[PDB]
Structures are given as C-alpha cells and as structure tokens.
Amino acid sequence: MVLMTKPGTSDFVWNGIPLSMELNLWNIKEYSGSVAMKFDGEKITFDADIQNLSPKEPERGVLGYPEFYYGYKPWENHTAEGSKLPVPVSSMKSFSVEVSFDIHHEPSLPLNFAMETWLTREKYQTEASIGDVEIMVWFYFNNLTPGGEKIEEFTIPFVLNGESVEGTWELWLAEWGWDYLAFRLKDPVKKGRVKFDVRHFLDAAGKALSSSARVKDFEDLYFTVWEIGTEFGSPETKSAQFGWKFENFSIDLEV
Ligand SMILES: OC[C@H]1O[C@@H](O[C@H]2[C@H](O)[C@@H](O)[C@H](O)O[C@@H]2CO)[C@H](O)[C@@H](O)[C@@H]1O
C-alpha cells in the first residue's frame, strides 16, 4: 500500500487504524543518497544511507525524524481521516499505545527511538509557541541527549516484551519557543515490544510544569497527536546509515 523515497507524507490504515507516515527530514538542508519508507499492510520499515548532510538550522541539533503518527500534527496541518485526536488533555482517561520495534544503526550515529505529542492551546494550530508543550518519550537513544537540562526523574511503568516493568525516566525540560519535555528511559531498549499509557506521562508533565509562567492551564490543552519515530543526527553528522521496523501496533484512547 505505501512507498516513499523522498521527504513527504501519506495516509494509510493499519489494522483499521487511520495513520499518517512522514519521511521527515525537517532539519536537513541537502543530502545525497537514499531514503525509503514503506508500509506493506503488516509493518512499516524505514531505511537510510545518506551522505553530504548539512543542517538547515544547526542550532536545533538533530537532522530528521522519519515517523508515522495517529492524529493531527500541527506543523503539517495534517491528519488522516477518521482520527479521534485532537481532544482536550482533561478528557483523556487513558491512552494505551503498543508497538514492537527493531532499530539498527551505525554505532556512532546520534539517534533515538522517540514518541511525542504536541499540546496546543487551540485545537488546530499550525505551530507550537509560548503556551504550548512538546512532550517526548524516548525508549532508546544512542550518542544523543535531549534538549535543555535534567530536572527530575520519574518511575513510570510500562510492559516490556510482555512483562510489567517499572521504568526509570529522566525528565529534561527546556523553555524555547515552546515548552519542551523529554522523558528518557534510563535503560534504553533497542529492539522489543512495549505497551504503556501516555496518561502517566501527561500526569508527570503536568506536575513538572505546575509552576510555569508560560504554560497556563495544562489540562485544558489539546492532545493533538501521537508520533512514533527515530530522530537522528547532529550538526557534525555528515552521513547517516540506519533503519527500522515497526509492527504489532495498536492504540486505545478512552475519553
Ligand atoms: O521546528 C519545527 C519542526 O519540529 C519538528 O519536531 C522536532 C522539534 O522541533 C524539536 O523540538 C524536537 O527536539 O524534535 C522534534 C522531532 O524531530 C517537527 O517534526 C517538524 O515537522 C517541524 O517542522
């Protein structure tokens, strides 16, 4: 059903779930080489062998974020048809996400396996800005650090390979053009199956930002989307070779 070999977006449906996949190289000015993303009905795979890389904005650190998502991504003003997102955070009872993944990459490549959402003041913004929140959940990372500084750590459960684990998550916060929160699992998992509820993270982000001058009414913000992907690169990265595979995907939003 879906095949992309250049930056772009496409909707598709997986096990009845409407989704969008983006071959996202947002911070790459130019590159040579190959990129291929594909959805075959049963799994999503991504592969990259690119060279002559240079960032558009070196200050942003990473170079790209090939991914697929459920919902409405503000920045692209896009959503596949039939999505249940966006919804106000305060209306989320639980949001269970499950996926099996396998990531491979050249050893020195700054890379991570990250999931995130954008909490916007208004339902359908086309950007995030002061008053909004970007929240990431890193299940894996390699020669990559989240932006900002570490503030606290949280113990948050998730089911690894079918076994309930009590993960230890560092929380990184930065206040740039928007509020940035990144939950980094202290024991990265490079291949496996995870199941967890986004709500726990939301609860934690809420407490962390409870004294912010910028973010005003946390529970009132719109939970717009859930992205799943891998960020890569750094301003010094000149070439990149890595790839991944996602499978056994399923979600459950309870309003
Ligand atoms: O800056 C707009 C750009 O953001 C991309 O998400 C980035 C985000 O900017 C950055 O703060 C965070 O560290 O990483 C994410 C994912 O790489 C978004 O994917 C782009 O569509 C958007 O144009």
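The first residue in the sequence is number 1, and the count goes up from there. Just follow the structure's listing: the first ligand is 1, and inside any ligand the first atom is 1. The basis for the numbers below is simple: all heavy atoms, side chains too, and nothing from hydrogens, waters or symmetry mates.
Side chains of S32 and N52: a donor on one and an acceptor on the other come within 3.5 Å.
Partners of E22 under the salt bridge (charged side-chain N to carboxylate O under 4.0 Å, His left out) rule, at least two apart in sequence or in another chain, are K73. Taking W169 as the reference, nothing meets the side-chain hydrogen bond (donor to acceptor under 3.5 Å, both in side chains) condition, with sequence neighbours excluded.
Proximity of the aromatic rings of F46 and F242 is defined here by a centroid distance below 6.0 angstrom, and this criterion is met.
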Counting only pairs under 3.5 Å, give me each side-chain donor-acceptor contact of residues 124-131, with atom names and distances, residues two or more places apart or in other chains.
{"residue": "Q125", "atom": "OE1", "partner": "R121", "partner atom": "N", "Å": "3.4"}
{"residue": "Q125", "atom": "OE1", "partner": "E122", "partner atom": "N", "Å": "2.8"}
{"residue": "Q125", "atom": "NE2", "partner": "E127", "partner atom": "O", "Å": "3.2"}
{"residue": "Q125", "atom": "NE2", "partner": "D132", "partner atom": "OD2", "Å": "3.0"}
{"residue": "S129", "atom": "OG", "partner": "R121", "partner atom": "NH2", "Å": "2.8"}

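Stacking of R184 on the aromatic ring of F141 is recorded, both the 6.0 Å distance cut-off and the 45° axial limit being met.
Within 4.0 Å of ligand 1, protein heavy atoms belong to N24, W26, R60, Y65, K73, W75, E116, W118, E134, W176, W178, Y180, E231, listed by chain and number.
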